[PDB]
């Protein structure tokens, strides 16, 4: 089984693996904050992100796909599964400061993952990627 990804309207990216489906969005809103949220410095720490193994596996699959190095790259955040706001994880994709090299490798990884990828992140501005559960669209490949 291989996760399949479909893009609709060239602005939103949807990935479905198994029974788990996510929607990837880019904006400057910092939904997750490092002070109060789980830090993913090791792939085994993602068990705190969800109660469903499908969401954990699909999350781990995506970071492996974009070339995320769990021990060299900046750690990303995810919401503690004990909270009720819902599943989400957030990667800093801002092309600025010391995060420049990682942000540039993330753009390369997305461009190889999705054939049509609109890079919303602009140089010098904060850009935060967030993947949250969503109902799988019936208007995109199955």
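Numbering follows the first chain given and starts at 1.
- Stretches 81-89 and 41-49 differ in mean C-alpha B factor, with the higher average recorded for 41-49.
- Remark: stretch with higher mean C-alpha B factor among 6-14 and 124-132 is 6-14.
- The deposited CA B-factor of residue 100 belongs to the highest third of values across its chain.
- For residue 23, the recorded CA temperature factor ranks within the lowest third of the chain's modelled residues.
- In this PDB entry, the Cα temperature factor of residue 55 sits in the middle third of its chain's modelled residues.
- Remark: residue 70 belongs to the middle third of its chain, ranked by C-alpha B-factor as recorded.
- In this PDB entry, the Cα temperature factor of residue 36 sits in the middle third of its chain's modelled residues.
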